[PDB]
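# once you've seen the sequence and the experimental structure below, I've got questions.
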Amino acid sequence: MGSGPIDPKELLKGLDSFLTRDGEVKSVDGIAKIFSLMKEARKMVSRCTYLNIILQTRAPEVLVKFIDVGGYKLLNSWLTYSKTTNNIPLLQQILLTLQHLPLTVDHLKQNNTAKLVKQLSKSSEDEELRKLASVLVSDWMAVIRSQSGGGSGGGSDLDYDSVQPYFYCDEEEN
């Protein structure tokens, strides 16, 4: 193959000028223009580029208002949209971006994304997606255990059933 492809990243990286030079976040104005254009989500590169910027968005107020302005529904939307094709570098970035923002038990339960990410960190055919998903669900179950009152867990010898505090799907096959 003497012919080469085309760079699709620069098309979405034109917006990176409206963020900081490291591609983190400029302002609450910055997240909103990104929000509307990444919402379209019709390019695979638009997915990975903007989600990486929201990941590098180290301003926690910008994250909680991202959830507020519609990003909450869009996290579940893009999760399902990526799970159809099951694109490994995409799935792991979506769950890592919502791992970056402070998400509540109300949220993960309502959108059912708690179940969707937990079945990944139970047994998927890939290391990197489920180990990032494992850090995410361990963060979530730390919060959930703290909302419950307490519990040991330990960390080691800790089984897939004993890491289900509000992840218990009581679907009785019995």
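Arrived safely, thanks for sending. Numbering: from 1, shown residues only.

# so what touches the helix or strand containing residue 95?
Using DSSP states H and E, residue 95 sits in helix 88-100. Identification of contacts with helix 88-100 by C-beta atoms under 8 Å, 6 or more residues apart in numbering yields 44, 47-48, 51-52, 54-55, 57, 63, 75, 78-79, 82-83, 113, 117, 120, 126, 128-129, 132-133, 135-136, 139. Bear in mind the C-beta positions are built from the backbone N, C-alpha and C, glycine included.

# looking at the residues you listed, which are in helices?
Counting by DSSP state H, the contacts of helix 88-100 place 44, 47-48, 51-52, 54-55, 63, 75, 78-79, 82-83, 113, 117, 120, 128-129, 132-133, 135-136, 139 in helices.

# list only those of the residues you listed flagged as buried.
Buried subset of the ones in helices among the contacts of helix 88-100 (neighbour count, 16 or more other C-beta atoms under 10 Å): 47-48, 51, 54-55, 63, 75, 78-79, 82, 113, 117, 120, 129, 132-133, 136.

# what's around residue 23, how many residues?
If you count neighbours by other C-beta atoms under 10 Å, residue 23 ends up with 17.

# how close does it sit to residue 164?
37 Å (C-beta to C-beta, to the nearest Å).
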